[PDB]
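Read the structure below first, then the notes.
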Amino acid sequence: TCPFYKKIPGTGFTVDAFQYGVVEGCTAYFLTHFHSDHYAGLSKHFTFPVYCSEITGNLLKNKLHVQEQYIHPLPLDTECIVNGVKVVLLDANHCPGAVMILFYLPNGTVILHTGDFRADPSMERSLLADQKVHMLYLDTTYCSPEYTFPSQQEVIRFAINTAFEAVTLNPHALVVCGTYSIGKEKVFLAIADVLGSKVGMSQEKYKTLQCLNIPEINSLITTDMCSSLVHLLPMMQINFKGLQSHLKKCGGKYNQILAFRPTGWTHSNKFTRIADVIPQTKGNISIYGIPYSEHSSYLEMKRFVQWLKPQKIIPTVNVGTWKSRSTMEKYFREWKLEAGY
Ligand code: NI
């Protein structure tokens, strides 16, 4: 049944709760972002009000064929009224269209639900600074001190410099980047920009990107694979077998592949610096795992929480095991004691 951490007390509201059938008493279903674990269950047959960002409403209409009369897009950083309750959507620094939701409850409580986020100091100067938050429903994906990673900027710098070097040394190399959901668009867009190519991709991916209000997008992407030297593939296909195959398909236009797999965290972060990353190589194929995250590091999450000073924390990730739940509760207590709230 619908877990308690997807319910907002004192409202008729749920967050990312589309796979439980009709949730008894729910009058409005909020969707924080278009990733499958969060939208799972939506279709053209959905007949309840959905509240989301503009970008997420574009993807609902065009990819899942949700009927227009049930999509209620709201502008960011704007006080809005929903079934009698004041709400504000804030940028989550996750994938395109991803939001946090502030609820101002009739009784005076103030709840922030982060959806999925990468905490950033820039958040400390949004509408959040204006009032106190009693309850924080928190994206705890990487809530453990081993999870360190570089800034997005340092990782993109690494990818650009790597790709440019390779193709300038061999003008017949192909660059390939893996994807399986929206998010991490900067990786492939930044590489294509330095090389003076568009990014080539399936029709279904092209459609998805055209929903995202990215400026100048028609200049950056294409479905003509033959005209492009940066190709996007399903993540699954980013291995020596799927890449050898792909190379065959290009008909001797190319004699080398350099591939990028932008993962979440991986254990080489505990030891290695971005400067020091190396590919796995087989023949004329090289694959780079690069730690491009769109979730908070442990330290970024800790700063955000110690700034906000919530009275209660409700984790929304890693909640399925007792050891995970108990370890996270121990970090929350350390943070509150170190900061004094
Ligand atoms: Ni997500």
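Note that ligands are numbered from 1 as they come in the structure, with each ligand's atoms numbered from 1 the same way. Residue indices begin at 1 and follow the sequence shown.
Here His38 does not reach the Ni ion (ligand 1): none of its N/O/S atoms is less than 2.8 Å from the metal. At a threshold of 2.8 Å, the Ni ion (ligand 1) has a backbone or side-chain N, O or S atom of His33 nearer than that distance.
The aromatic ring centroids of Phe30 and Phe103 lie less than 6.0 Å from each other.
Listed for the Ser228 side chain is a donor-acceptor partner under 3.5 Å among the backbone atoms of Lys198.
Rounded to 10 degrees, the NE2-metal-OD2 angle spanning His94 and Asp116 at the Ni ion (ligand 1) equals 100°.
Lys184 has no carboxylate O lying under 4.0 Å from a charged side-chain N of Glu294, or vice versa, which leaves the two without a salt bridge. A salt bridge links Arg303 and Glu124; the closest N-O separation between the charged side-chain nitrogens and carboxylate oxygens is under 4.0 Å.
The name of the N, O or S atom in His35 nearest to the Ni ion (ligand 1) is ND1.
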